[PDB]
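All chains are named by letter (A, B, ...) in the order of the sequence lines, taking the proteins before the strands, and each is independently numbered beginning at 1. These numbers come from the heavy atoms of this one structure, side chains and all, not from hydrogens, waters or symmetry mates. First listed ligand is number 1; within each ligand, the first listed atom is number 1.
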Amino acid sequence: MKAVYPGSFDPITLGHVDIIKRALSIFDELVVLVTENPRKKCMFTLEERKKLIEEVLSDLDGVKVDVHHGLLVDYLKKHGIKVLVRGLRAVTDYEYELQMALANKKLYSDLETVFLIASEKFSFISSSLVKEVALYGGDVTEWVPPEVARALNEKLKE
Amino acid sequence: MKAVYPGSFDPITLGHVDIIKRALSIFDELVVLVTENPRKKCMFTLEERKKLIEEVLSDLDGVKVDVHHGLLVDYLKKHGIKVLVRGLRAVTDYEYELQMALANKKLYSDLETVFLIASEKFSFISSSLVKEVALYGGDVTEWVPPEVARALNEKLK
Amino acid sequence: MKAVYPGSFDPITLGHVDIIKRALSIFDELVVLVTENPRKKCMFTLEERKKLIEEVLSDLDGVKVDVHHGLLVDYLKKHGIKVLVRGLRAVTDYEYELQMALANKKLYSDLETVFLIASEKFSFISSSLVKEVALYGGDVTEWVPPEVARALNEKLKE
Amino acid sequence: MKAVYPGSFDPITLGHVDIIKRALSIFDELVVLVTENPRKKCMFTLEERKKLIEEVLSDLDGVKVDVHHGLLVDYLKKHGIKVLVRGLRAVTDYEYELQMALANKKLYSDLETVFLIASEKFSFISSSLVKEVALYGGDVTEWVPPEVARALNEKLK
Amino acid sequence: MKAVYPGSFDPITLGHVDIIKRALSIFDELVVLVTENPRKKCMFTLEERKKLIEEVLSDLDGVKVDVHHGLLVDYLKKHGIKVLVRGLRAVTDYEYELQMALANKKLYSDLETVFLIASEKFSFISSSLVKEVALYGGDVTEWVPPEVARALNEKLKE
Amino acid sequence: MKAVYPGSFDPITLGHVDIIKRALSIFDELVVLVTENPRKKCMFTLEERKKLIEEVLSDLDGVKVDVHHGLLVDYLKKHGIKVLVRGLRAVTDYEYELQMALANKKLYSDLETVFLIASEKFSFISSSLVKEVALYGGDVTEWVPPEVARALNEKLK
Ligand SMILES: CC(C)(COP(=O)(O)O)[C@H](O)C(=O)NCCC(=O)NCCS
Ligand SMILES: CC(C)(COP(=O)(O)O)[C@H](O)C(=O)NCCC(=O)NCCS
Ligand SMILES: CC(C)(COP(=O)(O)O)[C@H](O)C(=O)NCCC(=O)NCCS
Ligand SMILES: CC(C)(COP(=O)(O)O)[C@H](O)C(=O)NCCC(=O)NCCS
Ligand SMILES: CC(C)(COP(=O)(O)O)[C@H](O)C(=O)NCCC(=O)NCCS
Ligand SMILES: CC(C)(COP(=O)(O)O)[C@H](O)C(=O)NCCC(=O)NCCS
């Protein structure tokens, strides 16, 4: 069965990769969906983020990476996908997640949003933390794949 | 007794209408006050928002709609109003509401901020949700009055 | 207009007294209702609590003190009261309040639960904290009326 | 694929039944597991709760109801089940759920705890609310299956 | 400078040991104070707990282990200690810690309660979790010192 | 022992001054570090903020005021400081403080971030609140030092 893992992935972290790998143990097919969050000004374009994720996930079976500019549930409806996966961390805004899950279900009544728990080691990181630290030249090697560390380093020069 | 229900109402949703109606069961006179939130960029002007609300509330007795550009407690002091009504949702920033209630009371010692609980159906909606969904062409009809759905549709063109 | 301010008041604190005083600015008649909480083992009997509160509020106009053993909304329906007042503190279980308000409104549709915010000075106290400190002989004089400090002291000799 | 939906179910509510029906959209087999919570004193025995749930879910395909007295992950390991399903409400202790998910995953590395969101209607109810209202003679009919309203009625005599 | 690390320590976990080690990098003298929490029924007596802690910390310099049955601030006042150290975890009741810090500062105005953050790995563990798991015969080896795993095993036979 | 109290101090409030005074009873040397928060647009420059704080703390022994534009831990590493002090309020985003403490300790393994509790009177105030109220011409006298009230008044003209 198919699921979508939607997110800004700006950039993708090792926490995200963990959720992807784990989600694949429940859903045979996973779409990692780089989707526009209108409440964020992103560092990387949607396509830059897609290419990064593809490099990073390159030898996982069962995973496809895509981008979406519109209403999330329209992507799912169009492709006949009825499951959304999201990760929950200690630093997650829980009411935000609930609000969106409930809103999405109202817009798409067949939808199920399924949450996995971040492991302890990734429960307090975020893309935002990663970018902030990299932008001041800190080491983010333990939080992101090497592809992403390179990409961040370049963007901090450009 | 008179109370002010202050908010961005950008736009007013069914959750807001519910708090208005319920607040009127306690306070015989309610001022719905469209007030500037300096931490928000608003979709509709203060006056567009007043007009929607007036259309929406248009046969409710006991309600007046107004706008205010300054310090909220100044409106209440000038009009002799000593009660502020606000709604509490599952998705409400509780510390923000407390902070603001306490700051307002510091500024205006006779003030009481009184909170009502949003019903379950409205406890996870907000104007922000409504606008985001409308802006991507989703149906917001379950969350807003039809006057507002119309207004949002126009604004999105 | 009539309102009920229901609670364990076990014992009543200066924080409760503040909410009573403030609620009386909005509601002409206030019933302070000593109500059984089935999730607590109380220190004082319902009647001991009623008596302390009466001593403590003795010269406030507009306040009546009463006790109730049953379903809270039944007290209100019986007496034609449609407003419940509760205080909100930094240490309040917000979800429990919200749950109870919404349950109470499902049981009694005309009901409105209204919340006042505890002042900063009382926003981190509770009857529980008071009892625990008095139990170990600490001074609770800044948190409770003198009558209550007295009653606590006696109870911790018994 | 099999999952276990573990809980006190003391008693089962319409919120739990909703999660069960929805989980069955994802998992082909669901074990509803009446499991001992050592931080709770139950109203009904584990076996009373099992019988109630079996009455309630009687014509749902794909569900089994069972009881477990020990460590949750031991039941899953024993039966080769590697998914746990839980529900998330507005009134859920989030940090408790995370703790327990993380602890269970430590104890059983192949485990995944999967969370579904309770609908708005069921996001502010709990078994504990139901029992407290029932015990004071309040109507809990909109929160529990009729079977459970009956059982609560009897127990309170 | 002297500090007290007060707690139930029922039993001491690796999370507590981490806080102790780290607090010693700031405070040259640390008193680990096994103190009675009246809102808990403890598994081990205060003396059992002291003994376990002493076994566990046996070759740490700068640490003393003690017990206290009364009001915490009375121990501190008696011994001229003005700093209390507590740990903060993702599963900490933050309002309970604040309440108690503020209450303690009210009862002893010179006191400062200082909080350290638990590491990610210990941020979701508690003595309570440990005891629940052990009680049902689960491995708590990664969460407690071996002395404690042994003590827990014995207690679960007794 | 030396500690850094880092913050935007935009502007410094009486709550910050209280944490400074109290931190000085534990740490014989305190550096108040005006540091860039990249998630905020500041009202005052780093140097305006440094100068305010210096006026405000002028007769406190043991305190130095400084500014830093980069990674916070780099300031500490450079100066051999291994303690960071922060304040906890009712209105503090706890998860954010935790996240940053843990991240900082990852980047600088000798570091301890140590938290003091804001007194009740300061537990619901913030520089943001102050700015918002001052902006609308409200009295912020009870929340900031008179030097800061003045500075805010100027800025608003
Ligand atoms: C990108 C995301 C999925 C949120 O993910 P994020 O937390 O990784 O930013 C986004 O907010 C989203 O859903 N965008 C599309 C708009 C939409 O479908 N719904 C918003 C109303 S629920
Ligand atoms: C509009 C509102 C009442 C907030 O309502 P909102 O949550 O609907 O945005 C606003 O923040 C407000 O009070 N605005 C300007 C006046 C003021 O006094 N602000 C300081 C509050 S301490
Ligand atoms: C005593 C109290 C008011 C709670 O107040 P407390 O927080 O002061 O203990 C009580 O829990 C209550 O409302 N009712 C007792 C019985 C009842 O009505 N229970 C169901 C409420 S949904
Ligand atoms: C605690 C509970 C009964 C279920 O919780 P519920 O009461 O929230 O429905 C849970 O299912 C459980 O696991 N009980 C058995 C003991 C166990 O495995 N404990 C360690 C959990 S980390
Ligand atoms: C031991 C502890 C610090 C709590 O520690 P714990 O949270 O590890 O159980 C305890 O509750 C305590 O202080 N006990 C004695 C009673 C007291 O002095 N104060 C509570 C009044 S603020
Ligand atoms: C960002 C901030 C100034 C926050 O302080 P504030 O809460 O007073 O704004 C913080 O003190 C800090 O660390 N800033 C510098 C940038 C940095 O080092 N960021 C990585 C945070 S892990």
Give the numbers and elements of all ligand 5 atoms closer than 4.0 Å to a heavy atom of [X].
| X | value |
| --- | --- |
| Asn37(E) | 4 (C), 9 (O), 11 (O) |
| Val133(C) | 21 (C) |
| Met100(E) | 11 (O), 20 (C), 22 (S) |

For atom 8 (O) of ligand 6, closest protein heavy-atom neighbour: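 Minimum-distance protein heavy atom for atom 8 (O) of ligand 6 reads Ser8(F) N, 3.0 Å.
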For atom 20 (C) of ligand 6, closest protein heavy-atom neighbour: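 I find the closest protein heavy atom is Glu132(A) OE2, 3.7 Å.
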Which of the numbered atoms in ligand 4 are under 4.0 angstrom from any heavy atom belonging to [X]?
| X | result |
| --- | --- |
| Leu72(D) | 13 (O), 17 (C), 18 (O) |
| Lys40(D) | 6 (P), 7 (O), 8 (O) |
| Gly7(D) | 4 (C), 9 (O) |
| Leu71(D) | 18 (O) |

Has the side chain of [X] got a donor or acceptor atom that lies under 3.5 Å from a matching backbone atom of [Y]?
| X | Y | value |
| --- | --- | --- |
| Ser123(F) | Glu120(F) | no |
| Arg86(D) | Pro6(D) | yes |
| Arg49(E) | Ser8(E) | yes |
| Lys105(D) | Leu111(D) | yes |

Side-chain ion pair, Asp66(F) and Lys50(F), N-O less than 4.0 Å: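 Looking at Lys50(F) together with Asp66(F), the answer is yes, because their closest N to O distance falls below 4.0 Å.
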NZ/NE/NH1/NH2 to OD/OE distance under 4.0 Å, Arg89(F) and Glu95(B):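 No, this pair does not count.
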Between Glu97(D) and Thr92(D): side-chain donor-acceptor atoms closer than 3.5 Å: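 No, no side-chain donor-acceptor contact under 3.5 Å.
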Close N or O approach (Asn104(E), ligand 5; < 3.5 Å):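 Min N/O separation from ligand 5 is not below 3.5 Å for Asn104(E).
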For [atom], which candidate among [options] provides the closest heavy atom?
| atom | options | value |
| --- | --- | --- |
| atom 4 (C) of ligand 5 | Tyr5(E), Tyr96(E), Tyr136(C), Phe9(E) | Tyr96(E) |
| atom 3 (C) of ligand 4 | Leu76(D), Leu135(E), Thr35(D) | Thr35(D) |
| atom 11 (O) of ligand 6 | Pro6(F), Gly87(F), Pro38(F), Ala134(A) | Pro6(F) |

Ligand 4 versus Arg86(D): contacting region, heavy-atom distance under 4.0 Å: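 Answer for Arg86(D): side chain.
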Close approach, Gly70(E) and ligand 5, non-hydrogen under 4.0 angstrom: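 So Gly70(E) counts as touching ligand 5.
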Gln99(E) to ligand 5, any heavy atom closer than 4.0 Å: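 No, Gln99(E) has no heavy atom closer than 4.0 Å to ligand 5.
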Point-to-point distance, once rounded to the nearest 0.5 Å, from CD1 of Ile125(A) to CG of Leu102(F):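 With rounding to 0.5 Å, CD1 (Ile125(A)) is 12.0 Å from CG (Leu102(F)).
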Polar contact flag for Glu97(F) and ligand 6 (N/O pairs, less than 3.5 Å):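 N/O-N/O distance below 3.5 Å does not exist for this pair.
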Parallel, tilted or perpendicular: ring planes of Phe124(A) versus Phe124(E), cut at 30 and 60 degrees: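 Geometry flag for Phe124(E) against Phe124(A): tilted rings.
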Residue from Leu33(D), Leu76(D), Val73(D) passing side-chain contact (heavy atoms from CB on, under 4.5 Å) with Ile81(D):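 Testing each of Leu33(D), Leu76(D), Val73(D) against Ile81(D), the sole residue satisfying side-chain contact (heavy atoms from CB on, under 4.5 Å) is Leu76(D).
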Residue part near ligand 6, for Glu36(F), under 4.0 Å between non-hydrogen atoms: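 Looking at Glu36(F) and ligand 6, just backbone atoms fall under 4.0 Å.
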Student check: side-chain heavy atoms of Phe9(E) and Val65(E) closer than 4.5 Å: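 No; the side chains remain at least 4.5 Å from each other.
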